[PDB]
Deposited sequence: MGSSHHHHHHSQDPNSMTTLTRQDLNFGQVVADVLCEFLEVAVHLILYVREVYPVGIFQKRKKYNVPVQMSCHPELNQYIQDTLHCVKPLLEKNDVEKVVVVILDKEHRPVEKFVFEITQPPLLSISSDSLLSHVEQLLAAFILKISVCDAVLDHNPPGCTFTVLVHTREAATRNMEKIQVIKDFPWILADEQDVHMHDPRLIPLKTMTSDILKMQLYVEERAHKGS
């Protein structure tokens, strides 16, 4: 790893992206009904996003807390965890963020080609039911943030350590979806799926 801060512009790009991706994941994995969703133009393309103000504020609050951590390159993973009725995870959408040595050599340029680069992640999420089985009815979600070895930003939006039950998933299928290697970060999106559910 290198140690370079992403800076504000990159942090804000990633948070705006993560917001869209969460909405899209909730839609395609049917965590919430299609009825609370209306299309919005994001990255020059119609993406389904929730019109439910409280769900929206929750996703927004979550990412507002992640943003300063991103700015300082202190985030290793942001994970959208889908939990069944027994609060056991059935699916994880992992956004793994790294900055390997020599990253920037022959890399893409996120800021210059935002829509181009991120739209591919949108496409992959939107068709990922091709490589997953249907989830059980009654699933919920949460967001887990893995911090680097070396967040309570908002009034009345506290964070706590996740429990083992949030994280334990036996025998997971791994499906890589998309990787982006840009000037100052690498982001890999992949899904972990519970074997039988």
Enumerate the deposited-sequence segments absent from the coordinates, judged by C-alpha atoms, in order of position. 1-21, 172-178, 226-227
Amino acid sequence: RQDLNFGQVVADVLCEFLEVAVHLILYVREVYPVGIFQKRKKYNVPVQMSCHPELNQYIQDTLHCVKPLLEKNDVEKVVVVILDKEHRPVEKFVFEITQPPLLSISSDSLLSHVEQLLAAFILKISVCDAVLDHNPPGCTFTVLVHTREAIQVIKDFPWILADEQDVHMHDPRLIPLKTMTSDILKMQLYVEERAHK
From here on, numbers count along this sequence of modelled residues.
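Under this definition, the rigid core comprises the largest set of C-alpha atoms superposing within 1.5 Å between the forms.
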Greatest C-alpha divergence in 7 other deposited structures of this protein once each structure is fitted on the rigid core, 178-186 or 13-21: 178-186
Stretch farther from the shown model on average in 7 other deposited structures of this protein, with CA RMS computed after core superposition (79-87, 111-119): 111-119
Out of the other entries of this protein with residues modelled on both sides, is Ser104 skipped in at least a third? yes
Stretch exceeding the other in mean C-alpha B-factor - 168-176, 63-71: 168-176
Going by the entry, of stretches 77-85 and 93-101 the one with greater average Cα B-factor is 77-85
Going by the entry, which of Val131, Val45, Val143, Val153 has the most elevated CA B factor? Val153
